[PDB]
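Taking it in order: structure first as structure tokens, then the write-up.
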Amino acid sequence: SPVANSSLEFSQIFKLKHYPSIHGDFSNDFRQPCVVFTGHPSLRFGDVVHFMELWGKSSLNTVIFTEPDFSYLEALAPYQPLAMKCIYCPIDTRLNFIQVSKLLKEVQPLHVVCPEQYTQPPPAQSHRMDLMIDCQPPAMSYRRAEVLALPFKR
Amino acid sequence: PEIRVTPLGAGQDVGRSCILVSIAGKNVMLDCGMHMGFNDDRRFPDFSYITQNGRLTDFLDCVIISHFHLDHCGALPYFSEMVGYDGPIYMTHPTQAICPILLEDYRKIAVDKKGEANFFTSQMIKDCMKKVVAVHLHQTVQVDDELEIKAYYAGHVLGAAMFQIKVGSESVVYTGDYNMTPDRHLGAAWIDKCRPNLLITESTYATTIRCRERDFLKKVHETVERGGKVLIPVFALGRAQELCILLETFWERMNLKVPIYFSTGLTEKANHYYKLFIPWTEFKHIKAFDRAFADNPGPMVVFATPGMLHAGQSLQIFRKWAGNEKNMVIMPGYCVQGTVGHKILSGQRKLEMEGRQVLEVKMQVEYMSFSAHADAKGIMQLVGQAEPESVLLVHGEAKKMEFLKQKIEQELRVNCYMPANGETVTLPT
Amino acid sequence: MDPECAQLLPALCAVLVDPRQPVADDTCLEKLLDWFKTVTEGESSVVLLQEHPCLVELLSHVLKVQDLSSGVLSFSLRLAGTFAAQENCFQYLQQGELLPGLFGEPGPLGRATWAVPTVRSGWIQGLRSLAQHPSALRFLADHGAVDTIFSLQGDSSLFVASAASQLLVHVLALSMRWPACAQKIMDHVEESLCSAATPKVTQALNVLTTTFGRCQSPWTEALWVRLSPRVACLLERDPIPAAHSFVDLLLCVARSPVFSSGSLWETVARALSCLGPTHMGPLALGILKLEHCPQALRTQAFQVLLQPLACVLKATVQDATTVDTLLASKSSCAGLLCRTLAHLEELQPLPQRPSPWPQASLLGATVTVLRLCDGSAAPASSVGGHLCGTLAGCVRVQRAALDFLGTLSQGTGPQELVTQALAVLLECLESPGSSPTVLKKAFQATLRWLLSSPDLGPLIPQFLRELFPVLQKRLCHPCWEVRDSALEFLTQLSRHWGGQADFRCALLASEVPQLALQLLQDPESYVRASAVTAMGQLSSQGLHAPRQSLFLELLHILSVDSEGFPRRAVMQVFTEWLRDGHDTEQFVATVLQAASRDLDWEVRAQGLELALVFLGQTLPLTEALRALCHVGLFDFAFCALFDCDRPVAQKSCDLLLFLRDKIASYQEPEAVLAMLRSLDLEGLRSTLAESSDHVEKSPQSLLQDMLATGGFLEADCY
Ligand SMILES: [Zn+2]
Ligand SMILES: [Zn+2]
């Protein structure tokens, strides 16, 4: 990545051989097999595009998504038909729903405001009803580009 | 809503150890311990006073192992497979790497004393350790969504800990063997001010207030400048490296030339136990040892490893070297009765080896306990550093605890129970 | 007894009765009392008192010195208890009312030593050890002992309560061999059962359930016909007083053809209809265990057992008491389902199983529960939704569910069920978020299922193709528990499916062996061990990854290494090879001459085992012995016979007896028979089959080690 050095410095001062860019020095340390963490994880620019066009033909190689941001199906799509595996094991250290229920009962907020993606269960797994943020009084929600009024009077 | 406790072992003794704790909703077994010196079913605790229900796994939730000494983790392979329990076992990280070795070694004494009637076989060692779920210090771990434990650092052995059990509003901290005087071996026990509802501690060295390294080195140096041999029994691990590192640093500072030996056989952790020694807090003069040169003329220091002078190496090498006046032996550890290491340390020098033969003794005998513990100073300082609501005493004796409780409830004005071997003790919150 | 120790008795008795010397030690007293138990009860116990008027001195001083330490008087009390076994010894010890003295107020009964539970436990054990004749029972009656025992069986130390209950049942079972003592025990039990103190009634129930079951004389049922109203009516209080003990009492009274002869089954049915869903389970299970039962009651029992699974399967896509607790929490629901699966599997291997034992419904419910717990089921109601939302991602439920679903192997049926169950086990293996304490049971169950399918079949290769890409991932999980369980499962296959060229197609087509071959360099030892045994049980078939290129790896792990387990497992693997038949001389030589100098003991033992196997396989005596000497078996034998470790010596003397008898049946033959017959074996066989502590556990040695107190010894971690 073109921000390798400062990245590692700011991780340290507060085996991995970082490089500034695939062009220049890097092309003299290429020993296969290898492992190559790269740029932006939406498979649409940066360097990962170059490898995903280099290793997209050998059924041996592998991509391993570790970012929940971009839905991975459509993301991988515009390189089809591809013959490499594509695992999807996302790492989200964020608060999950049982923990946020415990956190709410501990902190006891007088209200709650959460986007519409939460007070109703997720779309893909409609049968579950436990991943909705449960809190009393009911959690007022907001939709994209809306103007809510937190109902407090001075 | 109560909190029950029962020292099923360790009750006014330094033998068995098994503290069964019952927090408001769950049960937890602490320090499932053993007892040497016996040769039948009476060595393991009496678990039958738990099974008056459905079988275990429905009853308990997690077993905890303070450290690797055989009096706290030497009963799991009998408790995890024979009586039957498939539930998570929470150890520290170095104890999961050591306790297999110390167990697999104690088994050698057991199957050799012909007492394998109701015992744990080698397969059970692995099939028990596979139920371990290690924890990392200062990093709590959650089970049952309501039972969260947290580690600490107490020393006295690489890998020990003081565990903390929490169910939310109430909690119980348990301390294994800790050390408060910061000897340069591992460090001083550091616990945070969590102000818990219950604190349990050990009372090995109670009625007593660095000279050990001094006189040990002096005596070795004296008996080695006369063409005389040393003997120092030790387990396959444990107190062996806290002796090897001492000899090394004293020697390169004194530039001696006497062959030093430490022969475990069960593992070569003479260069591996140091690996785990680093993440908490490789040799020059030290070779390997075998039966060949345990007789050659010349000053010598030998570290054998059957244990407290049981059958194996130590007993044999010793039985050879008794008829000599300049040699000496040291026993840096407690000794269990019915073992020649208990005849020798207390008086007797007129022994009777295999058969009706007679062996004499003309060596020296020393007891310089290199164990790591605490005492009144450090115990008071730690119970102050903790601010508990009750303190319990285990792994000690009768009169020392009886004198200690007076001061404890006197100075800090805190209640201190002294439970015997098996009495229920309830403390409400 | 024995004179060699008799001469030590006076001095040790003196140091015992004198407290100026430091205190005694517990294990000393225990082993010494054990020696007394085995020396006295095996012969007369009066002549030993006559010849040695020294123990009587101790037993008289114990009630006089008034300052015995905590523990010496306990040994003395247990000693007076084990001495007064025979009536003659009872009368001899009664010289001076010594027994009513120390077992009465003159002894520790009243003095301020009633604090340490050890002395009380010793007192009770002694009383139980003496009451074996009607004279002692008359003593207990008139002098008065049960009066104090009643109070005693309420203290805070279970080690005393249990012993007290056992003492009650023993004095009872000896009484009626209605006497005053027996009638008082019966009246106390009755008047306690009608009380409302939970510990007291728990003691009543446990003394009753020992009395019944431990004795079956006619008075047992003549007394149970009296109690049956009092016991049965206990099921009137809203909380059952002593749930588990009540279950146990019912289960013990019921398993007898005597008491079954009307109210028994009826009150058991009332219980089954009344007991909550935490204690009714085991009761109904114990009922179904019984061969004899009015079949309607067995229907009731088995149905109230099957309640949870046939309840869950009305909350998915193919009474409310149990479904209430099913929706209470995550603890209670998991506990209920785990108890139900544990019971319902404990029932299967029994011949008294109901009829017809359901198999379709059971398996369907079980796979539904397992998949639900994985987190991919499909609810069909509010209860199904909340259940899928509470059980998701558990362990206890999932573990016990795998245990049941693998218990279903003895159940015969078409391959449809087999594929149904594999279609969920395959899913449970490659399920991200699966603890290492789950994959093990999962592999066990998958194995039992795959080995019970009636060449191979129409689905075996399909499932194997879908499975090995899971045995290739979970074989590199980052937690050595999985890295071991996977290898063990692969070994189970390599032992059960070595002659099925289609399975071999599946395996060689996969990339399992090219990973096991690499694991032998894993850091954690157990991994190396299981990897070596896996590659051993593999290469006895011819399934090598793309034999010597493993033999060298093995011998290298054997020569130098940092652990024991790999060496003592590679020796096992070598034994496997040499026994099966998978240059042989040089092989045995290069394994023995590099297994001998190893320091561990298990390795040398297994080496001797290898040598025994080789000898039996090779046994013309002249050249045979020349070959057997070339490897140097005689060197290793006469080198480690007088070995430090004893099991080595046991194996060696057994091998040498084998060799001696086998050469008797048929260096030079004369030379070898000489150098073998020069030493002794049978005396050596005895002194090695003996214990390692035969000397330091002998009575005389214990006496020496006891009466010589006053050196450096305090106690500390071992
Ligand atoms: Zn310790
Ligand atoms: Zn300890």
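Here are some notes:
- Residue within the range B:23-30 that is more than 16 Å from ligand 1 (Cβ to nearest atom) and at positive phi present: no
- Of all residues in the range B:58-79 being closer than 15 Å to B:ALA160 by Cα and not hydrophobic (A, V, I, L, M, F, W, C), the one that is farthest from ligand 2 (Cβ to nearest atom): B:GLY74
- Residue list for the range A:40-56, restricted to those being surrounded by fewer than 11 Cβ atoms within 10 Å (Cβ to Cβ) and part of a loop (DSSP other than H, G, I, E, B): A:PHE45
- B:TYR174 falls short of the stated requirement of being within 16 Å of ligand 2 (Cβ to nearest atom), within 14 Å of another protein chain (Cβ to nearest Cβ), aromatic (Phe, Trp, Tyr) and closer than 30 Å to B:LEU427 by Cα.
- In the set B:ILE149, B:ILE125, only one residue is more than 16 Å from ligand 2 (Cβ to nearest atom) and closer than 20 Å to B:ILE191 by Cβ; that residue is B:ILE149.
- When restricted to residues that are among the aliphatic types (A, V, I, L, M), away from chain C (no Cβ under 12 Å) and loosely packed, with under 15 Cβ neighbours inside 10 Å, the range B:260-298 contains 1.
- Leading residue by the ranking (farthest from the other protein chains (Cβ to nearest Cβ)) among those in the range A:77-94 that are part of a loop (DSSP other than H, G, I, E, B) and under 14 Å from the mean Cα position of the chain (by Cα): A:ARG94
- Meeting the requirement of 1 or more residues that are more than 16 Å from ligand 2 (Cβ to nearest atom) and more than 11 Å from chain C (Cβ to nearest Cβ), the helices (runs of 4 or more DSSP H) wholly within the range B:325-429 are B:376-386, B:398-411.
- Note on the range B:145-184: among residues that are charged (D, E, K, R) and closer than 19 Å to B:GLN96 by Cβ, the one that is nearest to ligand 1 (Cβ to nearest atom) is B:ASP177.
- Residue check: B:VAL301 meets all listed conditions (1) assigned to a loop (DSSP other than H, G, I, E, B); (2) more than 10 Å from chain C (Cβ to nearest Cβ); (3) among the aliphatic types (A, V, I, L, M) but one, namely (1).
- Candidate set: the range B:191-209, residues that are among the aliphatic types (A, V, I, L, M) and surrounded by 24 or more Cβ atoms within 10 Å (Cβ to Cβ); chosen: the one farthest from ligand 1 (Cβ to nearest atom): B:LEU199
- Criterion violated by C:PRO620 - all others in (1) away from ligand 1 (no atom under 16 Å from the Cβ); (2) within 14 Å of another protein chain (Cβ to nearest Cβ) satisfied: (2)
- Of all the criteria given as (1) of a type in the set (A, V, I, L, M); (2) farther than 22 Å from C:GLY375 by Cβ; (3) touching a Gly at 6+ places or on another chain (Cβ under 9 Å), the one not satisfied by A:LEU131 is (2).
- Leading residue by the ranking (surrounded by the most Cβ atoms within 10 Å (Cβ to Cβ)) among those in the range B:1-33 that are within 11 Å of ligand 2 (Cβ to nearest atom) and hydrophobic (A, V, I, L, M, F, W, C): B:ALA10
- Unmet criterion (only one of (1) over 26 Å from B:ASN179 (Cα atoms); (2) aromatic (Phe, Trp, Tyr); (3) in contact with a strand residue (DSSP E or B) (Cβ under 9 Å, 6 or more places away or on another chain)) for B:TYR78: (3)
- Residue in the range B:45-57 that is within 16 Å of ligand 2 (Cβ to nearest atom), in contact with a helix residue (DSSP H, G or I) (Cβ under 6 Å, 6 or more places away or on another chain) and either within 11 Å of another protein chain (Cβ to nearest Cβ) or aromatic (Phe, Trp, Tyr) (or both) present: no
- Flag for B:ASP112 being within 12 Å of chain C (Cβ to nearest Cβ) and over 28 Å from B:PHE59 (Cβ atoms): yes
- Figure legend. Inter-residue proximity from the range B:125-145: first residues within 17 Å of B:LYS166 (Cα to Cα) and facing chain C (nearest Cβ under 8 Å), second residues surrounded by 13 or more Cβ atoms within 10 Å (Cβ to Cβ) and among the hydroxyl-bearing types (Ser, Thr, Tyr), beta-carbon distance below 9 Å, spacing 6+ or different chains. Indicated pairs: B:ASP144/C:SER331; B:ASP145/C:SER331.
- Considering the range C:222-338, the qualifying helices (runs of 4 or more DSSP H), each wholly inside and each with 3 or more residues that are surrounded by fewer than 16 Cβ atoms within 10 Å (Cβ to Cβ), run over C:263-274, C:295-312.
- Verdict on B:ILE260 being under 30 Å from B:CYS416 (Cα atoms) and away from ligand 2 (no atom under 16 Å from the Cβ): no
- Test: B:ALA110 is within 22 Å of the chain's Cα centre (by Cα) and under 28 Å from C:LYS651 (Cβ atoms): yes
- Output for the range B:73-108, where each listed residue is touching a helix residue (DSSP H, G or I) at 6+ places or on another chain (Cβ under 9 Å), within 15 Å of ligand 1 (Cβ to nearest atom) and at the interface with chain C (Cβ under 10 Å from one of its Cβ atoms): B:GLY74
- Only listed residue being outside any helix (DSSP H, G or I) and charged (D, E, K, R), chosen from C:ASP155, C:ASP147: C:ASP155
- Helices (runs of 4 or more DSSP H) contained entirely in the range C:636-718, each with at least 1 residues that are more than 16 Å from ligand 2 (Cβ to nearest atom), within 8 Å of chain B (Cβ to nearest Cβ) and among the polar types (S, T, N, Q): C:682-689, C:699-707
Please note: Cβ atoms are built from the backbone with ideal geometry, for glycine as well, and neighbour counts cover all protein chains shown. Taken together, the values in this text are just the output of simple stated rules run on the coordinates, not laboratory data.
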